[PDB]
């Protein structure tokens, strides 16, 4: 390093979080006016697939970092009349612009601003986790701060979005939902009054941005609430056993720490209710709640479907003794939780809906919060062939794109070959008439031995047959986090 002097950018680390087809940095802001398509893209698909990826503008100041900490890079694939175009742009966060001003990374440990350079922006957010259309803009979200608005067509950054000053929490979820009956934005905040606070808030916003209802209450301790579930009548907050200690953070340590002897906790509250209506339920220890597939309620009972994993998958938030289990050890599958508000019992056990591990679930947007029978999922089957030119098996490697029928319990999956894996899918209805889950499943396919990327389109009526269309991208797309479909 010394012979590089002080005027070069420092090298990226040679760690797994910066290596291979999935995690090597890209940093490409791009416009591709027309994409090559193999196969036949249905001409009736009309709208934009937005996705956000962490994609660090600079090598991290500390010489190491986690995937979840990268500057948000939003892609929009716009589908019209059989043609697809791509725009990819950074969210111009205060954090990004400060780093660009200095020409280097100014930010330290994930969600620990005490370890930043004093020239870092005050707002620590990277707006890197999800995207959703709301009130005429695209919101780029990350759960440590308010979201950042972008122009739906150009992906120009509009600024921090405060919802016309109505949202008074310190943070806003990256897992809001759109209510399919009203178009309301259903959202929440944890650590809602600052670092380490136990405050939780539910928010409900009209499609035109008006705050319709809020419910402030407190958890028994500060914990990660990554995703949530909203039904017709209830909201459920899953508190993952990852706890916050501000003193540990002042000393340079991680924002969260896994607690292996702390029950999974759920707060269940009426959607139009108040703090005093909150009820708490407890699940097993040493397990953690994945992303919500869907949820609904009927009579006394709230049902929530999600992956549940039997131990700490977050190696960067280790328990106090430093131990982290080998990810391969951990039992995971899709589960249904049932919260019976009329029962005597606080204690819940999740019931399996699959016998295989999976993540990145997607239901039909039109059935969010309602009784439903279908989900799309990514899964990893370790017995499928794996081309050794892929390199070592990366974090968030999923070699199957799956349609699960909840009525029969059967799965219909596409395997893309031994050099392929997937990013989070979206579902596009075949028409506004179409029955539940009848349409197209669209996802990025990473061809990791070639370091190439395609956006694939499958027909939900026959997933095993593979793509009806493969949209070739002329550069490698880094692994992403969440995306959404915005219908024209």
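Residue numbers count along the first chain shown, from 1.
Peer 1: Where do the C-alpha atoms have the higher mean temperature factor in this entry, in 477-485 or in 3-11?
Peer 2: Stretch with the greater average CA B-factor: 3-11.
Peer 1: Going by the mean C-alpha B-factor recorded in the entry, which is higher: 438-446 or 425-433?
Peer 2: 425-433 has the higher mean C-alpha B-factor.
Peer 1: Based on what the PDB entry reports, which of 332, 109, 140, 120 has the top C-alpha B-factor?
Peer 2: Of the options given, 332 has the highest CA B-factor in the PDB entry.
Peer 1: Looking at 164, 359, 102, 305, which has the biggest Cα B factor in the entry?
Peer 2: Within the set 164, 359, 102, 305, 164 shows the top C-alpha B-factor.
Peer 1: Which third, lowest, middle or highest, does the CA B-factor of residue 180 fall in along this chain?
Peer 2: Residue 180: CA B-factor falls in the middle third of its chain.
Peer 1: By the record's CA B-factor, is residue 144 among the lowest, middle or highest third of residues in the chain?
Peer 2: For residue 144, the deposited C-alpha B-factor lands in the lowest third.
Peer 1: Select lowest, middle or highest to describe the third in which the CA B-factor of residue 367 falls within its chain in this entry.
Peer 2: Middle third - that is where residue 367 ends up once the chain's C-alpha B-factors are sorted.
Peer 1: Name the third of the chain's ranked CA B-factors that contains residue 90, choosing lowest, middle or highest.
Peer 2: Its C-alpha B-factor, which the entry lists for residue 90, ranks in the lowest third among residues of this chain.
Peer 1: Which third of the chain does residue 326 land in by C-alpha B-factor: lowest, middle or highest?
Peer 2: Answer is highest: the recorded C-alpha B-factor places it there.
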